[PDB]
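[1] output the structure for:
(chains A, B, C, D, E, F, G, H and I, ligands or ions: 9)
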Amino acid sequence: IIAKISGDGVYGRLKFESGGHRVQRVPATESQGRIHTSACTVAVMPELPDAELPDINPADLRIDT
Amino acid sequence: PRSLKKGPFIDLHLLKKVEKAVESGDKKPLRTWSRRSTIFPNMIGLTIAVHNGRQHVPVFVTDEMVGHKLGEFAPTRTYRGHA
Amino acid sequence: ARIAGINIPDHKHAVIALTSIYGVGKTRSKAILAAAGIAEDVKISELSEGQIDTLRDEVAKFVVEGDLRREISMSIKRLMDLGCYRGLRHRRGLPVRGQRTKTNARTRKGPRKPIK
Amino acid sequence: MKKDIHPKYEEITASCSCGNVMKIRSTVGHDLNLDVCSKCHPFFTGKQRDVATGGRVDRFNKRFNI
Amino acid sequence: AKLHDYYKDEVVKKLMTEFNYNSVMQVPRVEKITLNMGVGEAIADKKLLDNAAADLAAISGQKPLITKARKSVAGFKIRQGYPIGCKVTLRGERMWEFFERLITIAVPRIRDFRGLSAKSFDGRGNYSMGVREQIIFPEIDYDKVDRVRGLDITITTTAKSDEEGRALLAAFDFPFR
RNA sequence: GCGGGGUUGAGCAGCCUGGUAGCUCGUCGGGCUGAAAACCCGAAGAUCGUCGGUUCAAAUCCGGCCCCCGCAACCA
RNA sequence: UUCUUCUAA
RNA sequence: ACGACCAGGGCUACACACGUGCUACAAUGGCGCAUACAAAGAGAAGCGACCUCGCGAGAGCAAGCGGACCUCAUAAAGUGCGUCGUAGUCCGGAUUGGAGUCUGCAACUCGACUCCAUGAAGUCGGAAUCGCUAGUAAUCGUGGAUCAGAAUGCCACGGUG
RNA sequence: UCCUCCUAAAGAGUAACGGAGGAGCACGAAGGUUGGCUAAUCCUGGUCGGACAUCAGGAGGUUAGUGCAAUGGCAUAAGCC
Ligand SMILES: [Mg+2]
Ligand SMILES: [Mg+2]
Ligand SMILES: [Mg+2]
Ligand SMILES: [Mg+2]
Ligand SMILES: [Mg+2]
Ligand SMILES: [Mg+2]
Ligand SMILES: [Mg+2]
Ligand SMILES: [Mg+2]
Ligand SMILES: [Zn+2]
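    Numbering: from 1, shown residues only, chains lettered A, B, ... in the order given. Ligands and ions are numbered 1, 2, ... in the order given. Structure data below:
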C-alpha cells in the first residue's frame, strides 16, 4: 500500500518510521494458537517536485546538416 | 419529569449563587457543575457555564429556558461526523 | 361530509370516520359525540344537519388541522431555536426521546445510506 | 354566448350551518347546504388565539407555590 | 349584478371621498376575472385536461378556451401549441355573480384559512390570488371528482396605483388580515 | 497530409440522422466455509475526450479542438 | 457427473 | 502514584454490518360488553385489601398478614353477543408534540409508566438457514430472582394443543 | 452543377487550389381570396410551478417572425389566425 500524505510537516514527523516493524502475536490465520513473529516494512520518502518538462535551448546545441 | 407536588428542583450551592449574582449586579460568568438544576426566572440574562464532563461552556439564559434544566445547553458528546 | 376543513367520508361509522381530523383519535371522538348526543356507530350518511352543525363546534372547541400543525411546528421551532439537547436531536435527524442510536433508529433516519 | 357549448346555469339556494340564507346563480342544480362561509368563520375571532405563543415564566408559576 | 348594483351606489361615492377624485369616471372599476388551470401534466393525453376543462366550466359557467404553448420548451417536454391549460374571462354580468360566490362561499371554505395578501396587486392595481384545491367550490362534489385540481383567480381592474385597487377590494370586504 | 475512435472503477456496445445510459469485468454487502477461493444472492455507479454553436432539445448535428490508432508523404 | 487450498514459534 | 478521595461526564455516541429477541403485516383477526377455568410463587423498612379521589399511571386513609388464614391476584387464550368486511383498514404500532404520575439528594445527557394528539416501514420476507418426535412444537397468560426505581432478557409455572 | 454574401475598386460584369456558407427539396395547404391580427426579451403578481409551460399587468418597439443557407426585403405586413 502506497499513500500520499498531504499536510504540513509530513516528512518531519514520519522520516523516522522507515525500516522494519515486527509483531509477535497470535495470528488470526493460526488454528493451533501458537504465536508467530512477523515483520512489515515502511518506506517514508519525501515528495520532491516534478523533474521538469525539458526546456531545450539552441545555444547548448550543435546542428549538423 | 418531576412530580408537581415536589415543585421544581435546584441545588442549594447554585441557589446560593443565583441569590448572590442577582444582588451583586454583574455580567460575570459563573461556572457551575450542576447540570441538573431547573432554571429560575431570576436566572434570566446570566451568562453561566454548565459543565459537560470536560469543560465549562458559558450559556446565556433567555426567557424560554425556564422549565428546562441547565444541562440541556452543555453537550457532553463532542460528535463531529463519520465522513 | 365535511367538518372543520377536511372531508370526512360517508360510509364509516361515527367515531371512526371522525378520526380523519388531524386532532382527534378514538378517545377524543368519543368525547365529541358525548356532547353531540350522537350514537357512535351510525354512519355519516343518514344523519341530520343540526346534529352536524353543532358537531363542527365541538371539533372547533379544540385545536385542529391548520392550528395544531401551526402549534406543533411552533413548538419544534421553539426547540430548534433554544439550542437545547432535543433541538439538536431534531435538526440532526436523530431520535429525541433517548433511544438506541447504535442500532434501530430507522424511523428518524429513514432508509440506509451505504458507506461509499 | 353560444346556445350549445355553455353548460347549465340554474339559480339555487345556498343554506348554511349558522342560518345564512342566500340565493346564488350556480351550476350545481340540486339544493346547497354549506359548512362555513363569510359570516361565521374563525378569522375575525380566533386568529389571535390560534397563534398560541404561550408563556414560559407564566407557565412556571402555575406548577407550584412558595 | 347584485354586487354591481352594490357597486354603483355605495362604492362609487366611497372612492370619490377616500381619494378625492375630480370626476366620476376616475373611479377604479373591475373589468374581468380570469380563471386559469395551467395543467402541464396533461401531456399524456387530452383527457386529464378534458376532465379539468369541464371542471372549470362548472366553476363559472363559460366553456373554457384551451390555452396552448406560446413558444416551445423541451425543459418541460412541450412543443409549440400543445393543449396545456384552460382560461375563462368573465366580463359584464357573469363576472360579478362569480365575484359574489367567490368572496362569500369558496374563499372562506379554504383549509387553513388565514386570509389573503395585500402584496399581490401585480404592481399596478390588479390583485391576483390562487387557490389550492378545486373542491373549495360547492360546485365540486368530493366523491365525484378524482384529481386535485387548483386554479388561480386574477382580478383585472382599472386602478392606476396600488392602494386604489386595495381600497376597491376593501369596499367589498376582501379577506386580507 | 487523409481516415477511425475517445461513453460509470475498468473494458465495449448504444451511437441514427435529435427526445430513452446498456452490458461485462470489477466494486459493496450478505450466503455457503473452520477459513480462503470458486459459486450464489442483493445493491449501486456516467458532465459520453474537450470547447463553441445550431435547433424546443445535443453523447448525437456542426465547427474548431486534445490524445492516439492507422494510412501516406512519392517521380527523379 | 463436478469439486481447489490451509504459509511462518 | 498504575494507590486514595469528590464533583460532572462516559459505559446509552452512530454513515454501517452481524447475532439473539419482541410486536406486526390481520378476519383461525381487530374492537366493545358480558362470561368461564389455572398453576406455581412472593410478602414486614413489605405485600397492601376495603373505601374515596383521579380518565389513567396513582394518591389518601389504613385494615388483614411474617402467610394452606391475609395480600399482590384480575389469569389470558377461550366462550356468548355485536360491529368493522379485505382497505395501509376500527390492521399495525413506530415516531413526534403537549400533559402527567411514581421512585429517588437528584430523571438534561439517561428511568419506567399513564393521558391526549400523532400514525413510519410492513400485505408473510432472496441467497439461505434454525428449532421440534407428544403434553412436544405452536400459542396465551402468571410469578420469581436482580432491584429505591428500571425487562421484549433469564429462571420458573400452568391453559389450549 | 446550381444558390448567398465578401474579394468586386459606390451602374453591370470580373479571377485564383482566395475567404465563408448552403442546395439535389418541401407544401392539396405552407396555394388563391375575403375578413381580422401584431412580435421578441425583461419585469411585478399568481395552485401543484420550478431559470423556463399556462393567466393578467406594464416596460419594450421587430431586438421577433419568413418551411431551409446567407443576402435583400417585409406593419398597406410578404409575419399570425
Ligand atoms: Mg438523456
Ligand atoms: Mg471466497
Ligand atoms: Mg458592382
Ligand atoms: Mg465600379
Ligand atoms: Mg408562405
Ligand atoms: Mg387583409
Ligand atoms: Mg413566475
Ligand atoms: Mg400568404
Ligand atoms: Zn354558518
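
[2] can you pull the contacts of the residue minimising distance to the centre of chain B?
    Among the residues of chain B, the one closest to the centroid is residue B:70, at 3.2 Å (C-alpha atoms, centre = their mean). By C-beta atoms under 8 Å, 6 or more residues apart in numbering or on different chains, residue B:70 lies in contact with B:32, B:34, B:35, B:36, B:37, B:38, B:39, B:48, B:50, B:59. All C-beta spots, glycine's among them, are computed from the backbone N, C-alpha and C.

[3] wait, what's in contact with residue E:87?
    E:34, E:35, E:36, E:64, E:65, E:67.

[4] show me the residues you listed that map onto helices.
    The helices, defined by DSSP state H, take in nothing from these.

[5] hmm, back to that, go ahead and build a PyMOL selection from the buried members of the contacts of residue B:70.
    Selecting the buried subset of the contacts of residue B:70 in PyMOL, with 16 or more other C-beta atoms under 10 Å in any protein chain shown as the burial test, is done by:
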select buried, chain B and resi 32+34+35+37+38+39+48+50+59
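
[6] can you tell me how far residue E:145 sits from RNA strand G?
    From residue E:145 across to RNA strand G, the span is 64 Å (C-beta to the nearest atom of the strand, to the nearest Å).

[7] oh, that last question was meant for residue E:149, not what I typed.
    Counting by C-beta to the nearest atom of the strand - residue E:149 and RNA strand G are separated by 64 Å.

[8] just give me the closest of the contacts of residue B:70 to chain E.
    Comparing those against chain E with C-beta to the nearest C-beta places residue B:39 closest, at 33.9 Å.

[9] and the closest one, how far from chain C?
    11 Å (C-beta to the nearest C-beta, to the nearest Å).

[10] now do the contacts for that residue.
    Applying C-beta under 8 Å, 6+ apart, the residues near residue B:39 are B:61, B:65, B:66, B:67, B:68, B:69, B:70.

[11] does the spatially most central residue of chain E count as helix, strand or coil?
    The centroid of chain E falls nearest to residue E:153 when counting by C-alpha atoms, centre = their mean (2.2 Å). Assigned by DSSP: H, G, I helix; E, B strand; the rest coil, the conformation of residue E:153 is strand.

[12] identify the residues contacting the residue lying closest to it once chain neighbours are set aside.
    Nearest non-adjacent residue to residue E:153, counting by C-beta to C-beta, 6 or more residues apart in numbering or on different chains: residue E:129, 5.1 Å away. By C-beta under 8 Å, 6+ apart, the contact list for residue E:129 reads E:116, E:117, E:120, E:152, E:153, E:154, E:155.

[13] before we move on, the earlier item: distance of the residue nearest to the centre of chain E from chain B?
    According to C-beta to the nearest C-beta, residue E:153 and chain B sit 41 Å apart.

[14] now swap in residue A:44 and tell me
    For residue A:44, the distance to chain B - C-beta to the nearest C-beta - is 27 Å.

[15] what residues are up against that residue?
    A:11, A:14, A:15, A:17, A:18.

[16] tell me how many other residues surround the last one.
    The tally of other residues near residue A:18 (other C-beta atoms under 10 Å in any protein chain shown) stands at 12.

[17] next one: the residue nearest to it when sequence neighbours are not counted from residue A:21, what distance?
    Distances taken as C-beta to C-beta, 6+ apart place residue A:44 nearest to residue A:18, at 5.3 Å, with adjacent residues excluded. Plainly put, residue A:44 is 12 Å away from residue A:21 if you go by C-beta to C-beta, to the nearest Å.

[18] same check on residue A:43?
    The value you get for residue A:43 to residue A:21, if C-beta to C-beta is used, is 12 Å.

[19] swap in residue C:83?
    47 Å.

[20] around RNA strand F, pick out the residues from chain C.
    C:114, C:115 (C-beta under 7 Å from any atom of the strand).

[21] same thing but 6 Å
    residue C:114 (C-beta under 6 Å from any atom of the strand).

[22] and stretch C:32-44, anywhere near chain D?
    No. Stretch C:32-44 does not reach chain D (C-beta under 8 Å from any C-beta of the partner chain); its nearest approach is 13.2 Å.

[23] got the end-to-end distance for that stretch?
    Chord length of stretch C:32-44, first to last residue, is 14 Å (C-alpha to C-alpha, to the nearest Å).

[24] buried sites along it?
    C:32, C:33, C:36, C:38, C:44.

[25] name the nearest of these relative to residue D:9.
    residue C:44 (30.5 Å; C-beta to C-beta).

[26] quick one: contacts for the closest one?
    Counting by C-beta under 8 Å, 6+ apart, residue C:44 makes contact with C:1, C:8, C:9, C:10, C:11, C:12, C:14, C:17.

[27] ditto for residue E:121
    E:127, E:128, E:162, E:165, E:166.

[28] just the buried ones from the contacts of residue E:87?
    By 16+ other C-beta under 10 Å, the contacts of residue E:87 give E:34, E:35, E:36, E:64 as buried.

[29] tell me where chain D has helices.
    Per DSSP H, chain D carries helices over the ranges D:57-60.

[30] for chain B, same thing?
    Secondary structure of chain B by DSSP H: the helices cover B:12-24.

[31] chain A now?
    Using DSSP H, helices in chain A cover A:10-14.

[32] what's the end-to-end length of stretch B:47-61?
    End-to-end span of stretch B:47-61 (C-alpha to C-alpha): 6 Å.

[33] buried ones in it, by neighbour count?
    Quick answer for stretch B:47-61 (16+ other C-beta under 10 Å): B:48, B:49, B:50, B:51, B:52, B:56, B:59, B:61.

[34] and stretch E:136-149, how far apart are its ends?
    Terminal residues of stretch E:136-149 lie 10 Å apart, using C-alpha to C-alpha.

[35] wait, does it contact chain C?
    Yes. Against chain C, stretch E:136-149 shows contacts by C-beta under 8 Å from any C-beta at E:142, E:143.

[36] closest one of the contacts of residue E:87 to residue D:34?
    The shortest approach to residue D:34 among the contacts of residue E:87 belongs to residue E:35, at 20.7 Å (C-beta to C-beta).

[37] across the sheet, point out what pairs with the closest one.
    residue E:88, residue E:153 (DSSP bridges).

[38] near residue 52, how many other residues are there?
    Reading this off chain A. Count around residue A:52 with other C-beta under 10 Å applied: 6.

[39] wait, chain E was what I had in mind.
    Around residue E:52 there are 24 residues (other C-beta under 10 Å).

[40] and if you look at residue C:57?
    If we define neighbours as other C-beta under 10 Å, then residue C:57 has 13 of them.

[41] next: the one 5 residues further on.
    Look at residue C:62: counted by other C-beta under 10 Å, it has 15 neighbours.

[42] for the one 3 residues further on, same thing?
    Taking other C-beta under 10 Å as the neighbour definition, residue C:65 ends up with a count of 17.

[43] what's near enough to touch it?
    C:4, C:5, C:6, C:21, C:22, C:23, E:111, E:112.

[44] hmm, try it at 6 Å
    C:5, C:22 (C-beta atoms under 6 Å, 6 or more residues apart in numbering or on different chains).

[45] what of the one 4 residues further on?
    For residue C:69, the contact set (C-beta under 6 Å, 6+ apart) is empty.
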